[PDB]
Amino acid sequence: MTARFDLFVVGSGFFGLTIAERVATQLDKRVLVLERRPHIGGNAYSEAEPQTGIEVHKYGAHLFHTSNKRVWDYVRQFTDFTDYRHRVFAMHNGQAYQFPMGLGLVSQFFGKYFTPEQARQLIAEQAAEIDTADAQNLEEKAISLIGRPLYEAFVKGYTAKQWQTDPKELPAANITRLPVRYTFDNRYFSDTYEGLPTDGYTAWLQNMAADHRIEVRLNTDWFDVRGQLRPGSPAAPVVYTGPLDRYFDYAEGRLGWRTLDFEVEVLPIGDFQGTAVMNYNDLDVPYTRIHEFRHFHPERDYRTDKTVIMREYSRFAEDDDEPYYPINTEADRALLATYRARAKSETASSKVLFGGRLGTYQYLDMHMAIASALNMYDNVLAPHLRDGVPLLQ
């Protein structure tokens, strides 16, 4: 007589699974998760290459990092973490540079050693065109942090291949993802906690969706089955984590997305580049970076006669393409505001919530996605499924 499920979740990414796991274990409710991909985990899905055994991140490399202790403690319930610290090198004019901004990069590019004090002065001179506080876009913000000469050499070219958009049109928050230091610290991230899942990403994601009150239906599009499912559970809300503009059939227009293509190759050598990730900042090369996955897990002993590499290509996401990056131009932010209104309306009429990287058109990382899911649970979903509180304020 009663309801089949207590909640619908669309997408088995870190946002969806976090939501599904909290509702199931803490509130003791049945959750149905719908994934149209052949597997779970979203873009965090990993897979072992048959010849080498090396774990391959299928949808781009994934490195976990956070400063939120609550998030850190939460994710450790489902997996252990290695003490791996992510470092990136940059390729420019046939030379590998230390990266990102630091005394290593400065002394290499400018030919001599600069003291921390001397380095600050050098950059201050080259960044005299614009102040950081008055930075509107990516180009201005980048120059105000690392100076114009370094901007032309390591930022302008890479940004061209990655976004294919005028640097003066891109958000400043994009370049502020990279730490700016005046030491020899070349850690690509600056968070308290950092590491890779010891037994791989897939094992991690399978532990979150392991509860018996969580059912996951793979190869299932929500728009194909929502007509039949929701009548079975009329009171059950829906957490949507797919493309926001797709949900409304692009009625207001199409948001700018960037998508990625990957070339995976097994090489008959033991080491290709001697590091995990190598950025290619020059335009004489079509790909943005190359991953060598064996350097992600040095604690594991892989064969030394073969190796797996992955080249990364960037282009505009079209009709049926899976979106990866929100471009977020001024025109995009305008269109986004319209969809947020339509989304706010859908929440009041049919109990449909919007979250995640794709569902909010946000440049989110794994830990930001999980934290966002925890906040949605604590403030919105839990008071509703437990105390009858409406979804809207």
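Sequential numbering from 1, following the sequence displayed.
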Mean C-alpha B-factor comparison - 181-189 and 123-131, higher one: 123-131
Residue range whose averaged C-alpha B-factor is higher in the record, 307-315 or 136-144: 136-144
Peak C-alpha temperature factor (PDB record), options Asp221, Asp271, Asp199, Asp261: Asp221
Highest-ranked of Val75, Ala209, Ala236, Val106 once sorted by CA temperature factor in the record: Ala236
CA B-factor ranking of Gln162, expressed as a third of its chain: middle
Third of chain Cα B-factors occupied by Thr241: middle
Position of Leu385 among the chain's modelled residues by C-alpha B-factor, lowest, middle or highest third: highest
Chain thirds of CA B-factor: placement of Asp28: highest
CA B-factor placement of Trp204, once the chain's modelled residues are sorted into thirds: lowest
